[PDB]
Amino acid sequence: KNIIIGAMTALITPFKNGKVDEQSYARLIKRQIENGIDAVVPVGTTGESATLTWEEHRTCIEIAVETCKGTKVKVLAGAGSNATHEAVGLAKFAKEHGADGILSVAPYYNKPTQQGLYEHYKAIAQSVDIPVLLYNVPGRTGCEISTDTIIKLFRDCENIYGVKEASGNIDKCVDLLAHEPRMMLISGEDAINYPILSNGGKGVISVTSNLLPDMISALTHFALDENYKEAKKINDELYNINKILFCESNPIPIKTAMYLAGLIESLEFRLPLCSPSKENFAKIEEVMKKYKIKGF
């Protein structure tokens, strides 16, 4: 299988005066490239996929592809939807506009059955010839892609190559790689990046790496190189910021931190997201001061 692995960043989407700040978006991606990241994920949850227009969603994928051209950093485009026809449309757009692969979240809100998830992802995978990474995040979607469904999809669909797990369930991570060791398990939960990698996971799709790309990429590369002592050391050092970045729903804390570090111009969200409480604003700033934050 063709794969996209390693240290990857779920890119925030900066807004300025209610619009995507496209120059800032490109500048943030260049900063990721300069700090050892292996791939970027435009317009995931962290990128406020729910509130972008179709035009903005397309535009962010295009900026990621164009900014990474000639750098060997890959683009794993956010392409999921809770409507299969929408997810297929996004997959085809990503393929036709030069993405290296797609990330495709389990359908949210309408709670498909395992049979429905299988048919959903089969339709998506049959619509493109680029790698497809499943994405399980039951706390946000209301459904779980079971281990059996993930493994069947990996075995039945040639371009489905693994899953990004954001489920707080290291037992399931063992289950997955004990029964199907050929798949690429990707951490979608920063606090437990190292335990997932040490069990044979092959990368991360990170929130924290927006702010600390050098640290997350180093953690991942230490682990893939089997230097588990140094990967664990970074995972331990990052625990405090990894947790504070979820004191309110992602990406409210990470965008706040990026604004506090001077990396984006305006602390703007699209409703229903909004700025954090004054108390959490202060907690985020306090935890950030313990870390060296790379500039541009």
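Numbers follow the displayed sequence, beginning with 1.
A.B. asks: Mean CA B-factor: is it higher for 242-250 or for 65-73?
C.D. replies: Comparing averages over the C-alpha atoms only gives 65-73.
A.B. asks: Would 285-293 or 4-12 have the larger average of its C-alpha temperature factors, as given in the entry?
C.D. replies: Between 285-293 and 4-12, it is 285-293.
A.B. asks: Which one of 170, 207, 94, 106 shows the top CA temperature factor in the record?
C.D. replies: It is 94.
A.B. asks: Of the choices 37, 60, 50, 41, which one's C-alpha carries the largest B-factor in the record?
C.D. replies: Highest C-alpha B-factor among the listed residues goes to 60.
A.B. asks: With respect to C-alpha B-factor, does residue 236 fall in the lowest, middle or highest third of the chain as deposited?
C.D. replies: As the PDB entry reports it, the C-alpha B-factor of residue 236 lands in the middle third of its chain.
A.B. asks: Among the modelled residues of this chain, does the Cα B factor of residue 159 put it in the lowest, middle or highest third?
C.D. replies: It belongs to the highest third of the chain when residues are ordered by C-alpha B-factor.
A.B. asks: Relative to the other modelled residues in the chain, which third contains the C-alpha temperature factor of residue 188: lowest, middle or highest?
C.D. replies: For residue 188, whose C-alpha B-factor we compare with every modelled residue in the chain, the answer is the lowest third.
A.B. asks: Going by the CA temperature factor in the PDB record, which third of the chain does residue 129 belong to: lowest, middle or highest?
C.D. replies: Highest third - that is where residue 129 ends up once the chain's C-alpha B-factors are sorted.
A.B. asks: Please say which third, lowest, middle or highest, residue 266 falls into when its CA temperature factor is compared across its chain.
C.D. replies: Top third by C-alpha B-factor.
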